[PDB]
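Taking the form deposited in one PDB entry, here's one chain by itself in structure tokens.
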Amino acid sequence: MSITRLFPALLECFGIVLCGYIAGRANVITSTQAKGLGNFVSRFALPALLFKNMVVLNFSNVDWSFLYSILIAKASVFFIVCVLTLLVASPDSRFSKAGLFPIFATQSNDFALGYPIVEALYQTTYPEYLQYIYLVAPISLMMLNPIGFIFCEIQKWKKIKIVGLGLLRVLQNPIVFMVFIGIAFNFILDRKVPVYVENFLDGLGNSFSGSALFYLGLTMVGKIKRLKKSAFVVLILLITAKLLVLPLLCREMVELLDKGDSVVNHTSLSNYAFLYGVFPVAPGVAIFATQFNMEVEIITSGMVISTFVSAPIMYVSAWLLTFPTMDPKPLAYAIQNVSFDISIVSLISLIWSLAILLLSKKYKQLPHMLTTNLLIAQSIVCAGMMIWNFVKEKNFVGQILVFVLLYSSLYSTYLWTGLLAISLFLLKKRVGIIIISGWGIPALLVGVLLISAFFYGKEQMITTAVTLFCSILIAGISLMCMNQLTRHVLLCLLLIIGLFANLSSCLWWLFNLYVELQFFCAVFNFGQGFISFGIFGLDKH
């Protein structure tokens, strides 16, 4: 698999999303102006891309068992979120919710984000996998979206006309009708686009990729709203459905339903099914939700958060999934290469977070003063990982020096999660010691340890586990004794869940998969800056 192409591909696609976000947030493009790009993207560039690919599509080469299995995974997530919503939501909104929540959990950003990422990963090895984006996404719309429209019409009402309106909203969608038209013209034209119409469709289709990622960025500006507690739990559960339950079900359904002869091809097919699940929610769900003014804050916020969170989940998942197809030496180089990429994006995000914290002078205010110590520590671990990738072969004293930098800063990030939750507790109840304890104690622990992850082996993971455990207890006890500050609590919560993943992974290593557990530790250790950027790098400072 060309898994090394994934970080370039993600950086491209999410960098274009970042360009849209920068442009819309800097008011280079206002929200009214952004509709022009959206109408271009959705009504010219996408239908042209659909039509071209659908007319060219060699249906006899389509693996219908793959389609079936992705589609059954989506249909099962639809039923699950639908019946769970109907059981759990209040009668006055359960039918609107049971329409849009399952469409959220199943409809997927396959064209703007999926296709560049699948083209990157698979055009060299498995170019037929690019077909299944164009198959699955529109067939998925045709099957699943009318049910949610039917549920919205049923909320409005509370039979043939309700069903007809559902199906008509689906047929009215340019994805659905340009795929029907492209299938019809696949049979008319016999899989050749006329050359004159071909490079017309090329021009429009080629323009889709960048303009759609950029428009997605523009749509993301300011859509993360301050949700109610219940709405936030619902948001988490819907994004878990999209980014964890659906791709697991996709991989499971492929492994149940595909019977292809080659075990290598089956493995790649179910790995593909997983990545196909991990694509974020389609912006079309939020367009529907805003247009019919239904559940807008959950669905818009969740579309934006799904987009941002799908990037690390895609990278981390795709690498995890290729570790069974790797051998321990290139596997070690792979996880240092992964960690170098994660530390680059983290360091860039952390430099930006630090610039904001400093130039806003928020670094002078509690809790942000201590948060700036956490962001300094996270910056030193991302510096330290890039430095280690160079120093890992070199002479012993350089390795020790960079190790002292890296583990003092890393253990410091753990201590600082604890000390941030203690800062919030001390702010809830009616700094020099906290800065010395946030750095000096975790720096001194490196001396205890001297007296990358297995250079000092069992002791290394022991000190690491103990530091993570102390951080979790410090933070859990201080958050419960407590039970802007909300954003700090959410950063601390995400970091505490990460520290728990990290603690359990280090413990499970200590009880034993090594390189996979080390990679998930490294993902937190060096990518935690991405979390800190998500919450404090994008605020209105």
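Heads up: residue numbers just count along the shown sequence, starting at 1. Throughout, rigid core stands for the largest set of C-alpha atoms superposing within 1.5 Å between the two forms.
Chemist: Does the comparison with other entries of this protein show residue 61 left unmodelled in at least a third of them?
Modeler: No, residue 61 is modelled in every one of the other compared entries that cover both of its flanks.
Chemist: Say whether residue 483, which has coordinates in the shown structure, is without coordinates in a third or more of the other compared entries.
Modeler: Across the compared entries, residue 483 is left out in at least a third.
Chemist: Per the record, how many residues of the deposited chain fall between residue 512 and residue 513 without being modelled: none, 1 to 3, 4 to 9, or 10 or more?
Modeler: 4 to 9 residues are missing.
Chemist: With respect to the deposited sequence, is there a break between residue 483 and residue 484 in this entry, and if so is it 1 to 3, 4 to 9, or 10 or more residues, or none at all?
Modeler: A long stretch, 10 or more residues, is missing between them.
The same protein also exists as the form deposited in another entry; that form is not shown, yet it is the one meant from here on.
Chemist: Which residue in 182, 247, 146, 442 stands out, with a C-alpha shift of 2 Å or more between this form and the one not shown when both forms are set on the rigid core?
Modeler: Just 442.
Chemist: Rigid core fitted, is the C-alpha displacement of residue 270 between this form and the one not shown 2 Å or more?
Modeler: The answer is no; the displacement is under 2 Å.
Chemist: On a core-based superposition, does residue 491 travel 2 Å or more at its Cα between this form and the one not shown?
Modeler: Shift of 2 Å or more: yes.
Chemist: Honestly, after the rigid core fit, is residue 98 moving at least 2 Å at Cα between this form and the one not shown?
Modeler: No; that C-alpha moves by less than 2 Å between this form and the one not shown.
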